[PDB]
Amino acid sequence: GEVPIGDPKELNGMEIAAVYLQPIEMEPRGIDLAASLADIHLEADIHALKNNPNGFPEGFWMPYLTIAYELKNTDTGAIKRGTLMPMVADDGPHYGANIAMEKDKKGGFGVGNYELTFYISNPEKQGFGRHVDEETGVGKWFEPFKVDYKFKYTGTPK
C-alpha cells in the first residue's frame, strides 16, 4: 500500500508529494537501511509542473535534488533526520529512505501523530549544470526551501 502524507504542494516549478510504503528491498546493498530492519519507506515524489522555469518538461522527474527530512512524533517528541536517496522502481524514479519506526528502540516512533519536513536544495548543489546563454538558457534555480506535512502513522502498510 501507498499512504499519502498530507497534501502535495506546487512550489518552485515542481509538484512535491510525500508518501509512505512498506519497506523497500533495495540495491546496491549497504547504501540505505535494510528493508528487514525498517517499518516504512518514506518517499518524495517530485516532478516538473508545466512551465517549469528551469527547462524541465512537464511530468519529468526532478533529478539531483538534495532532500533532507525531519520526522517528528508530536505525541512523544521523538525526532529523526536523514536524507532521501534517488532510486528507481517499476513505476519510475523517486527519492526515498527506509525508516525504522516501531523497530527503532532509541526513540518513540510508534503509531501516532507526525510532522514531516523536507528541506530541498536545487540540483546545482550536486553539480548539475544549467545553460545560461541567451539561446538555450533557463531560469535560475530556486533557493533551498522547506515543505511541511502532518499525518497519522498507523503502522506498516498492509
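Each form is matched to the other, and the largest set of C-alpha atoms that superpose within 1.5 Å is called the rigid core. In this text, residue numbers run from 1 along the sequence as written.
Enquirer: Name the stretch, 33-41 or 101-109, whose C-alpha atoms sit farther from the shown form on average in 5 other deposited structures of this protein, taking the rigid core as the superposition reference.
Expert: It is 101-109 whose C-alphas lie farther from the shown form in 5 other deposited structures of this protein.
Enquirer: Given the B-factors recorded for C-alpha atoms, which segment has the greater mean, 15-23 or 146-154?
Expert: Result: 146-154.
Enquirer: According to the deposited model, is the average Cα temperature factor higher in 24-32 or in 38-46?
Expert: Mean B over CA atoms: larger for 24-32.
Enquirer: From the list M62, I120, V111, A89, select the residue with the highest C-alpha B factor recorded in the entry.
Expert: In this record, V111 carries the highest C-alpha B-factor of the candidates.
Enquirer: Among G107, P53, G96, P57, which residue carries the highest C-alpha B-factor recorded in the PDB entry?
Expert: Comparing C-alpha B-factors across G107, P53, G96, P57, the maximum falls on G107.
Enquirer: Would you please rank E115 by its C-alpha temperature factor against the other modelled residues of its chain and give the third it falls in: lowest, middle or highest?
Expert: Middle third, going by the recorded CA B-factors of the chain.
Enquirer: Looking at the temperature factor on the CA atom of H131, which third of the chain's modelled residues does it land in?
Expert: Within its chain, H131 is a lowest-third residue by C-alpha B-factor, going by the deposited values.
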